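In: the data below comprise the sequence and an experimental structure of the protein.
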Amino acid sequence: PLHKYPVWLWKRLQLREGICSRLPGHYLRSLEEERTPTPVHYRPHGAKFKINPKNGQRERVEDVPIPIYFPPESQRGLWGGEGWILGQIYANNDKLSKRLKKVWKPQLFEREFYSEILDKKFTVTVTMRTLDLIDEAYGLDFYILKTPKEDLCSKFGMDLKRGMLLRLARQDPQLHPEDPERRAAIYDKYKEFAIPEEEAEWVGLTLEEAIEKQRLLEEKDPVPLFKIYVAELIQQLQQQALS
Amino acid sequence: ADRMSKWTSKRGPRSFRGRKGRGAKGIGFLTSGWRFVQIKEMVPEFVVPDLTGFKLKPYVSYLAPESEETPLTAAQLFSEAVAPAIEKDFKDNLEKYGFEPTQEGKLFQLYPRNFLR
Amino acid sequence: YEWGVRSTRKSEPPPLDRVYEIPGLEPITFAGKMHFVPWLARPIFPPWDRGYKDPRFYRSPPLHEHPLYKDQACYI
Amino acid sequence: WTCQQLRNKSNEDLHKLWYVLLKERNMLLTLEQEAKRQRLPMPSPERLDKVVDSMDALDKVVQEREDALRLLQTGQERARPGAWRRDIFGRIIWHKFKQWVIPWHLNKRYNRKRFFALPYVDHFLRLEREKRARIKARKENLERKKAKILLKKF
Amino acid sequence: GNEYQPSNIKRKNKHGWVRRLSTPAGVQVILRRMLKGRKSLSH
Amino acid sequence: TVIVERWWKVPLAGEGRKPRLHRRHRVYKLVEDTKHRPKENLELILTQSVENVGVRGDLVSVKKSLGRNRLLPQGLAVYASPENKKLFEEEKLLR
RNA sequence: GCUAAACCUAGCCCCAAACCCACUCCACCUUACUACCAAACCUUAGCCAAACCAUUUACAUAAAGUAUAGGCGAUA
RNA sequence: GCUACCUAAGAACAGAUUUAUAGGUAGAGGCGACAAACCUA
RNA sequence: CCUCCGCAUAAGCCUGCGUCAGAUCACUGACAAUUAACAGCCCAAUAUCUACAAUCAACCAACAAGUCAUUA
RNA sequence: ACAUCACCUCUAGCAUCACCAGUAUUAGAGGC
RNA sequence: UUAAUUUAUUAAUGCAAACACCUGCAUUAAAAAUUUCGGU
Ligand SMILES: [Mg+2]
Ligand SMILES: [Mg+2]
Ligand SMILES: [Mg+2]
């Protein structure tokens, strides 16, 4: 026989089920939206409808999102939105030949940045395209403030963004101790990506890490029923005091 | 080439027999010379009281009446136990009522349990 | 050539992730659960001690803190 | 002994009752085994099970009192401390912790307990769901069709 | 011919549960037997 | 970087549909290599008495090697962002 | 005449609906069914059909089986 | 786990010997005094 | 009249010609067994010595170059 | 018929998982 | 295999890219991979 709800949302089904369904609504939104980033190799077409080349017919055409072949190690640093491409190719790029499976891997470089928001130097692998992205953002802190985490497409940079957001919404003196003037200047500079203190709770963590924050959050030593019955008897005594 | 039996004592070679055992609880420790020393500390200790003069016989006579199955409800027992102390104290800080912060110092703690059966 | 290969020696430590290197935020490691596992961040425990004093595993005190260790070693 | 009737006796009296029950039950076991050795009938066949039942009721009272103690003093639900988790067979279960000396940051055996499941448990888990559903629809069809034949009998 | 000269130590070695659970393909083997619903889930 | 494209032209998808592609659709044809493309200089405003490239307060487009590796890592120059542009204009007008 | 035959009814069948499974105490990843010391993701492949073989090839209703593509040869 | 080859660590009487036990080499393979032989009818 | 076997441990199997009754060259059900000194099951830290084979081990005679020790 | 001592030829100037814990009187591969 | 063809992969170069490492493009091999050894 047949299963009632569809398995195409079975995972999504569990997203509304139980203890994990007690997660923050902001976390639900951040795991719920699926906005797409600009591509690494899928150059965008012009507009909605355009004339056919060999037919001269006004046809609406879209562009294919090429899947980003992300090796695991590139998550350990702040790479760009680029990577490798696991596909195939023809010998002379000619479809009338016997094609073979092929790969397009990136050329990374181990560089370093020194964030004032972090107020520390982090050295990791990045891309020259990622270098250009940071330069166009003019600073790593502003870049962390700028792109979406879905646009980030990297775990380490997402973690760095989470830390930067926590520091910005915290405004603790430990960010710039014995230099509150520089702290205030940076806070004015970093006033753009201000977030609520509650927003730092599930900031950029894994879905498994979201379950982790839940179990670290929803758990507590259970209330004593000696204490509970004592409180109930106190309530009964207060009520009978009016009797 | 036989598998459907249980894994009790008799399976294979000498030491292969040696490790596992039936459902005992261990009592001692293994030290030099392959000599086991079993402390009186870790042993079972079954100290039953004296049975003389208890008038409750092992079976109960059928001439007695029947009652209602009153399960030991936690709120009911708690009320029955704490009613007089709270009634006097409110007419008069739960340490006077005996609320236990932790059972770390008691012989028979509950969470975890250290009593037996 | 130094004697002994490194193969049967102790395993080299894998790289600790930059999640532990976060300057502000303590990561949500494997502490709350009980699984040295892949689905979370690795718990990092401090140096704990066995408070109990028992014959079975009481290791010796260090041989610089020993009550009798003279600079003039005895030829025995 | 009736359970609530037995519930009115003291704890020392409870110990006395348990010991008397132990003696009578031992008498029962020896008598039955001897009856097998003599290959004859039993003199009081209901007596053994009755003593067993009374001992079980006394145990139920003892468990009720211990449960009232656990509920009052701390209130934890399962008397042994433990948890719900997932095992290497991929299913959801409740594992029991065990009282052991060394800690979970150094426990040489407990760390060997691979209690992690990567994505390679998907098709089997859904298949387990499938078998459960198959038995479910089977029993439902059997019951309702048996009901239809039953109504046909009237 | 007397080829099957089995031995219990090597039996629980090459057919046991720890070794059959050491690599995750064997875990899949355990699961395959489980959805097959046998009794001798290992050896 | 590098940009490629689907050589066998992909079937269209529509508005509320995903590109349920072909097993042939994985084979791309390489369009361009941005790593092999002509580089552009980086425009930034200096803050310190630099060498023959410029002086303090001088905004110029230098090579990325001297900018990132030498100027920006040493902090001798900062980015010529529009928020930094106001600060540079104020520094120039407060002379 | 014997062996034999024959007998309903166990429960399976598909659907309809509906989201389900996991704690008597215990033990259970070491030799699973024993109370105890210092580590994961890396493009499914291939035939078949071309009457042989090679590029190509699948693992609600309506436009429409038209526009796209084919050793422009089989079709999708 | 038979057998082929190897390791660990034992045994018998005269080596290119055999063998009690564990362990290792997985088919697109290993092994091979190469028999185009073996690796569970 | 046979016995180049036999008796033990080892491994390996798993109660498998023990007892009281059935009837299936003339197996089934119930009941009872094997009480360890042998063998496993082990060994509180940190450092530090551990060249002088064995062959009846004293000679001869070697090569395939040695199968076993603590101490602080 | 294959292995092989003997002999001949060829490659390799050297180290931490085999060769090898070795250094061309060495290591590997062919012929009779 | 010195039948044919490549070269997915290495190894070299050389050229790019970055200031010894990585990626891309050519050539060369080693090794592979795809396809042929007709009829009366
Ligand atoms: Mg054909
Ligand atoms: Mg073997
Ligand atoms: Mg003894």
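Out: Happy to help now that I have it. Numbering: from 1, shown residues only, chains lettered A, B, ... in the order given. Ligands and ions are numbered 1, 2, ... in the order given.
In: can we go C-alpha only for contacts and neighbour counts from here?
Out: Noted.
In: what does chain A put close to chain D?
Out: Taking CA under 8 Å from any CA of the partner chain, the part of chain A that reaches chain D is made up of A:1, A:222-226.
In: let's see that with 10 Å instead.
Out: Counting by CA under 10 Å from any CA of the partner chain, the residues of chain A close to chain D are A:1-3, A:7, A:221-229.
In: what about residue 28, how many residues nearby?
Out: No chain specified, so I'll use chain A. The number of residues packed near residue A:28 is 16, by other CA atoms under 10 Å in any protein chain shown.
In: my bad, chain E
Out: Burial of residue E:28, expressed as a neighbour count using other CA under 10 Å, amounts to 19.
In: what strand or helix carries it?
Out: helix E:24-36 (DSSP states H and E).
In: between the residues of chain A next to chain D, which has the most around it?
Out: The most neighbours, when the residues of chain A next to chain D are compared by other CA under 10 Å, belong to residue A:226, which has 25 neighbours.
In: what are the buried residues along stretch A:80-92?
Out: Along stretch A:80-92, these residues count as buried under the neighbour rule (16 or more other CA atoms under 10 Å in any protein chain shown): A:80-90.
In: how about the residues you listed in JSON lines, adding distance to chain E?
Out: Written out in JSON lines, the entries for the buried residues of stretch A:80-92 read as follows (distance: CA to the nearest CA, whole Å):
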{"residue": "A:80", "distance to chain E": "33"}
{"residue": "A:81", "distance to chain E": "32"}
{"residue": "A:82", "distance to chain E": "32"}
{"residue": "A:83", "distance to chain E": "29"}
{"residue": "A:84", "distance to chain E": "28"}
{"residue": "A:85", "distance to chain E": "28"}
{"residue": "A:86", "distance to chain E": "26"}
{"residue": "A:87", "distance to chain E": "28"}
{"residue": "A:88", "distance to chain E": "30"}
{"residue": "A:89", "distance to chain E": "33"}
{"residue": "A:90", "distance to chain E": "36"}
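In: the residues you listed in helices, which ones?
Out: Using DSSP state H, the subset of the buried residues of stretch A:80-92 located in helices is empty.
In: let's have these in CSV, adding distance to RNA strand K.
Out: Supplementary listing: these in CSV, determined by distance: CA to the nearest atom of the strand, whole Å:
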residue, distance to RNA strand K
A:80, 14
A:81, 15
A:82, 12
A:83, 10
A:84, 8
A:85, 9
A:86, 10
A:87, 10
A:88, 8
A:89, 8
A:90, 8
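In: quick one: neighbours of residue 29, just the number.
Out: You didn't pick a chain, so chain A it is. The local packing count at residue A:29 equals 10, with neighbours defined by other CA under 10 Å.
In: that's the other chain; I wanted chain E
Out: A total of 14 residues lie near residue E:29 under the criterion other CA under 10 Å.
In: for residue B:7, same thing?
Out: Residue B:7 has 11 nearby residues by other CA under 10 Å.
In: residue A:165 now?
Out: When neighbours are counted by other CA under 10 Å, residue A:165 registers 24.
In: need the contact list for residue B:70.
Out: Under the criterion of CA atoms under 10 Å, 6 or more residues apart in numbering or on different chains, the contact list for residue B:70 reads D:3-5, D:7.
In: quick check: residues of chain E near RNA strand I?
Out: Counting by CA under 7 Å from any atom of the strand, chain E comes close to RNA strand I at E:6-9.
In: reformat those as CSV; add secondary structure and distance to residue C:42.
Out: Formatted as CSV, these follow (DSSP: H, G, I helix; E, B strand; the rest coil; distance: CA to CA, whole Å):
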residue, secondary structure, distance to residue C:42
E:6, coil, 43
E:7, coil, 42
E:8, helix, 39
E:9, helix, 37
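In: show me which of these is closest to residue A:159.
Out: For these, the minimum distance to residue A:159 (CA to CA) is 50.4 Å, reached by residue E:9.
In: how many neighbouring residues does the residue nearest to that closest one when sequence neighbours are not counted have?
Out: By the measure of CA to CA, 6 or more residues apart in numbering or on different chains, the closest residue to residue E:9 outside its immediate chain neighbours is residue B:12, 7.0 Å from it. Around residue B:12 sit 14 other residues, with neighbours defined as other CA under 10 Å.
In: what separation is there between residue B:12 and residue D:134?
Out: Distance of residue B:12 to residue D:134, computed by CA to CA, to the nearest Å: 41 Å.
In: and what about residue F:69, helix, strand or coil?
Out: When the structure is reduced to helix, strand and coil (DSSP: H, G, I helix; E, B strand; the rest coil), residue F:69 reads as helix.
In: my bad, should have said residue A:214
Out: helix.
In: am I right that it is in contact with residue A:27?
Out: No. Applying CA atoms under 10 Å, one finds residue A:214 not in contact with residue A:27, separated by 11.1 Å.
In: which neighbours do the two share?
Out: Each of residue A:202 lies in contact with both residue A:214 and residue A:27 under the rule CA under 10 Å, 6+ apart.
In: buried set for the longest helix belonging to chain F?
Out: The helix spanning the most residues in chain F, taking DSSP H as the definition, is helix F:82-93. In terms of neighbour count (16+ other CA under 10 Å), helix F:82-93 has its buried residues at residue F:88.
In: could you do stretch A:162-181 as well?
Out: A:162-170, A:175-176.
In: just the CA trace of that stretch, in CSV.
Out: Output for stretch A:162-181, consisting of C-alpha atoms alone and laid out as CSV, is shown next (Å, rounded to 0.1, in the frame of the first residue of the first chain):
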residue,chain,number,x,y,z
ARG,A,162,28.6,34.0,13.2
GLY,A,163,31.4,35.1,15.5
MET,A,164,31.5,38.6,14.0
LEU,A,165,27.7,38.9,14.4
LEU,A,166,28.0,37.7,18.1
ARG,A,167,30.8,40.3,18.7
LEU,A,168,28.8,43.1,17.1
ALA,A,169,25.5,42.3,18.9
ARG,A,170,27.5,41.8,22.1
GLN,A,171,29.5,45.1,22.2
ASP,A,172,31.6,43.7,25.0
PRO,A,173,34.7,45.7,25.9
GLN,A,174,36.9,42.6,25.4
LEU,A,175,36.7,43.2,21.6
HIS,A,176,38.9,46.3,22.0
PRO,A,177,40.1,46.4,25.7
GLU,A,178,41.9,49.6,26.7
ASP,A,179,40.8,51.2,23.4
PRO,A,180,37.1,52.0,23.6
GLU,A,181,37.6,54.7,21.1
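In: next one: it to chain centre, how far?
Out: In this view, stretch A:162-181 has its centroid 22 Å away from the chain centroid, taken as CA atoms, centre = their mean, to the nearest Å.
In: and chain F, is that stretch touching that?
Out: No. Applying CA under 10 Å from any CA, one finds stretch A:162-181 separated from chain F by no less than 16.7 Å.
In: what about the helices in chain B?
Out: Taking DSSP H, the helices of chain B run over residues B:14-18, B:74-91.
In: counting contacts, what elements does the first one pack onto?
Out: For helix B:14-18, the packing partners by 3 or more CA pairs under 10 Å, 6 or more residues apart in numbering or on different chains; DSSP states H and E come out as helix E:8-14.
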